[PDB]
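First, one chain by itself: the form deposited without the DNA, in structure tokens.
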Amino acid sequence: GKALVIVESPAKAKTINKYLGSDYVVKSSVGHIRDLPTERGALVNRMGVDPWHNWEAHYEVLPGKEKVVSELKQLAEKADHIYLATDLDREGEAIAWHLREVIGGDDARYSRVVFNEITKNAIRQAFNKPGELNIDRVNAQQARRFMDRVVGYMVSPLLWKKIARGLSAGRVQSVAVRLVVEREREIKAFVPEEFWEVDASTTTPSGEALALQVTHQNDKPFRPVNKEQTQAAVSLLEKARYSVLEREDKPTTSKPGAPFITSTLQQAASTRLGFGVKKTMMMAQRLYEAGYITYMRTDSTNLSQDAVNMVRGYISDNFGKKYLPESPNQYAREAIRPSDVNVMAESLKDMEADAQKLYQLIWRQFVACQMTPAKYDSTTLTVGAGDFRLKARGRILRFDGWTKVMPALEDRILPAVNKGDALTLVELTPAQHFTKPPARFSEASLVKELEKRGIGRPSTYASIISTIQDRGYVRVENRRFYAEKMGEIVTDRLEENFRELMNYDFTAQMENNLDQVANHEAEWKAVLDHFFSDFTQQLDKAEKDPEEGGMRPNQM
């Protein structure tokens, strides 16, 4: 009469089993057990969803899983209660729902447990206060699944006819491609402009070197556009008398960043470790299922009281009181953090070197976010030379604070000077510059852009960036995105005939609509109806000849 606990993977099963007694029987479902299949009637059969019959679905047990279903059913017959312990996101809720639907029995037989990490305490708490399956969240997940299916299965065939066979369309994927295509065109159309900078090397009364940058001339910003103007300025600067107009000394500080969320982990791992978003998320999942970090799909910077107490104790013992803020730093269901601050990257079991590196990144970010700010003594010198104004900036680290937990180190240290001091000109160095086009997207900046526009979600950031590449619309080279010709071809056609679908605001709004379903503020089938109404309006027109406003063929 034990209890049956179901999780999605053998890795999760092994970890969670360490924290569940003999009264519990833990079993993996070996992944998703049931899902959508992988003229109009044939279309509906392929999609597994019927937009014309109120979204009736035809789910099918995944290949090779009938055996898993049988195994779970037999285990269920011997259990007094069943605990669905899938991951906490909407996808996890839907997996739990599918499990309940295939196993059967009364709903009172099931409970849905939620935890942000697999630890003795988190599991104990999750099973002490078990919840119920949330159908609104399930409906939100399926609405997303159905919209995505409709776009992929109904737009793609149009692309095969009009542009080229094999092309794949995606609801959000196409919008992400649009971002890259626009950037490509901005760069192609950019016309650089020439401008010069002039630096002066001087010496203080004590003879110390002081480098200055010319900032103004006649009280206006200094920015010569050619050699002639630069040389004329250099001529005046060579003859000028230099003196310190003002010396400003003020204490400044640098605060540590918030603990990671999915988006920021992807950005940091890419920029700091050179890890692609796919690699980062795969390793993060392994760390999470092994019980080393909190759940890797989150947009919350919240930290539990226990987690904060844990890390503050670590800081106090290992760095000292000067590194401990009076009260915890609050940044805000939880950020991505170590499950146990006392577990070092070097101690991780069955984790590859790069996975240890990711853990270390997460660990240092978490520890640093609860440490005190770094303190600097900043100095800005303003120098006058005839009608010119020059500046020099520097700073001295006074207290490392949170930077102590980061790798050992560079900031400029200006010499001691007093307002009114004369400076001796040693050298002048003009430098030609050119304005630059918008920077290309990097994996880090693309994720950031998706987040900024409200198009990406923790569960989709990685998938979006990966798909747009495999589908041949964009490519990454030298760590930067480049739009492919086909990317531009498809994007133009989609913008022309599927304006609403391609619109950034509408796409962000759809994410909001799904959240509304999840929070019982909207009904899933009605949301799908509205989506489909607007969609079919775009599709019907697009299928027509170009002369009638239909999609332009890929020719000439």
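Don't overthink the numbering: it's just position in the shown sequence, from 1. The term rigid core refers to the maximal set of C-alpha atoms that superpose within 1.5 Å between the two forms.
Enquirer: Please classify the unmodelled stretch of the deposited sequence between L409 and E410: none, 1 to 3, 4 to 9, or 10 or more residues.
Expert: The entry has a gap there, with 4 to 9 residues left out between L409 and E410.
Enquirer: In the deposited sequence, how many residues between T38 and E39 have no modelled coordinates (none, 1 to 3, 4 to 9, 10 or more)?
Expert: Unmodelled stretch: 10 or more residues.
Enquirer: Looking at the deposited entry, does 96 to 104 or 309 to 317 carry the larger mean Cα B-factor?
Expert: For C-alpha atoms only, the mean B-factor is higher in 96 to 104.
Enquirer: Of the two stretches 513 to 521 and 41 to 49, which shows the higher Cα B-factor on average in the entry?
Expert: Mean C-alpha B-factor is greater for 41 to 49.
Enquirer: Can you pull the Cα B-factors for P259, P338, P205, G276 from the entry and say which is highest?
Expert: Largest recorded C-alpha B-factor: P205.
Enquirer: What's the residue among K448, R389, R149, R457 with the greatest CA temperature factor in the PDB record?
Expert: Of the options given, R457 has the highest CA B-factor in the PDB entry.
Enquirer: Please say which third, lowest, middle or highest, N128 falls into when its CA temperature factor is compared across its chain.
Expert: For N128, whose C-alpha B-factor we compare with every modelled residue in the chain, the answer is the highest third.
Enquirer: Comparing against every modelled residue in the chain, figure out the third that the C-alpha B-factor of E326 lands in (lowest, middle or highest).
Expert: Middle third, going by the recorded CA B-factors of the chain.
Enquirer: So where's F532 on the chain's Cα temperature factor ranking, which third?
Expert: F532: CA B-factor falls in the lowest third of its chain.
Enquirer: Considering every modelled residue of the chain and its Cα B-factor in the PDB entry, is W402 in the lowest, middle or highest third?
Expert: Lowest third of the chain for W402's C-alpha B-factor.
Enquirer: Could you place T298 in the lowest, middle or highest third of its chain by Cα temperature factor, using the values in the record?
Expert: Lowest third of the chain for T298's C-alpha B-factor.
The discussion below concerns the form solved in complex with the DNA, not included here.
Enquirer: Using heavy atoms only and a 4.5 Å cut-off, determine which of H58, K525, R46, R499 is in contact with the DNA in the entry with it bound.
Expert: Result of the distance check: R46.
Enquirer: Between the options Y482, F399, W160, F190, which residue brings a heavy atom to within 4.5 Å of the DNA in the entry with it bound?
Expert: None of the others qualify; the residue that does is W160.
Enquirer: May I ask you to state whether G384 is within 4.5 Å of the DNA in the entry with it bound, using heavy atom distances?
Expert: Residue-level check for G384: no, no contact with the DNA.
Enquirer: Residue-level question: is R440 within 4.5 Å of the DNA in the entry with it bound, judged on heavy atoms?
Expert: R440: no contact with the DNA in the entry with it bound.
Enquirer: Can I123 be called a contact residue for the DNA in the entry with it bound at 4.5 Å between heavy atoms?
Expert: Because no heavy atom of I123 falls inside 4.5 Å of the DNA in the entry with it bound, the answer is no.
Enquirer: Quick one: is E91 in contact with the DNA in the entry with it bound, heavy atoms, 4.5 Å cut-off?
Expert: Contact check for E91: yes, within 4.5 Å of the DNA in the entry with it bound.
Enquirer: Taking 4.5 angstroms as the heavy atom distance cut-off, pick the stretch from 115 to 123, 99 to 107, 432 to 440, 164 to 172 that is near the DNA in the entry with it bound.
Expert: Stretch 164 to 172 is the one.
Enquirer: Using the arrangement in the entry with it bound, list in sequence order the residues of 496 to 514 with any heavy atom within 4.5 angstroms of the DNA.
Expert: Read in sequence order, no residue approaches the DNA (within 4.5 Å, in the entry with it bound).
Enquirer: Can you spot, among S466, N302, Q360, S156, the one with a CA shift of 2 Å or more between the shown form and the other one after core superposition?
Expert: C-alpha shift of at least 2 Å: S466.
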